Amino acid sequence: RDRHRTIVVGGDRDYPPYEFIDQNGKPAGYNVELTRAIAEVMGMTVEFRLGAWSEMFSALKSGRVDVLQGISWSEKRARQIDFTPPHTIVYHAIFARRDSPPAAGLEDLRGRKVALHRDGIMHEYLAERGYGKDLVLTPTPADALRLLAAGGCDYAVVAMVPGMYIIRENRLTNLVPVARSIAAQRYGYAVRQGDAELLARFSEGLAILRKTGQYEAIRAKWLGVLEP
């Protein structure tokens, strides 16, 4: 009916290990497992619709999906959607080819060519700092890392964990994370502004998973995934 009305879950089709469509064409990842677990304790029915990230924010407001299982919090962002508490903290890192000159911080990236996720927290963050001219935008963080690997740019800034997972999966073995633990993010579910029902439905499920131990059980599965 209303509570039995299938909840449609949006997410990025290419953001491992948090969320991604796997080789078998199946929704997979930490977020997915978390969402399925929540659906189970809250008695919800969910449909996963993972897609290009450049349109999931829209689709939330557009109502094409009812919630996003994995999105980083930000002021500009809170002004249009409501976030539940976060289920994880996402650190970023600066990646470079091994040979290349190391950088100890993102200020050292001024004047250098830099790849990064199209409109992710770091895109916005480095734009607001005059980097925009010296930076290439990619559909996925992995595309950013491929360009770096291919000597197609000088550095890349992407979420640490996905970075490592991507380096392994796509065999970008000339890449190393040089500048680590910089710019931590609060990552979690989010629903359309003023949808306190759904919002509370998810927050409660998350809170429940944390008190029963299922949350940590799921998190321990995905190495490197941190908790708030």
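When you see a residue number, it is the position in the sequence shown, counting from 1.
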Query raised in the report: Going by the B-factors listed in the PDB entry, is the mean over the C-alpha atoms higher for 105-113 or for 92-100?
Result: 105-113
Requested in this report: Give the stretch, out of 162-170 and 183-191, with the larger mean C-alpha temperature factor in the deposited entry.
Outcome: 183-191
Report summary line: Residue set 63, 29, 70, 43, per-entry CA B-factor max assigned to 63
Query raised in the report: Which third of the chain does residue 146 land in by C-alpha B-factor: lowest, middle or highest?
Result: lowest
Requested in this report: Using the B-factor values recorded in the entry, state whether the Cα atom of residue 138 falls in the lowest, middle or highest third among the modelled residues of its chain.
Outcome: middle
Report summary line: Sorting the chain's modelled residues by C-alpha B-factor and splitting them into thirds places residue 77 in the highest
Requested in this report: Could you tell me which third, lowest, middle or highest, the C-alpha B-factor of residue 33 occupies within its chain?
Outcome: lowest
Requested in this report: Consider only the C-alpha atoms of the modelled residues in this chain, order them by B-factor as the entry records it, and name the third containing residue 199: lowest, middle or highest.
Outcome: middle
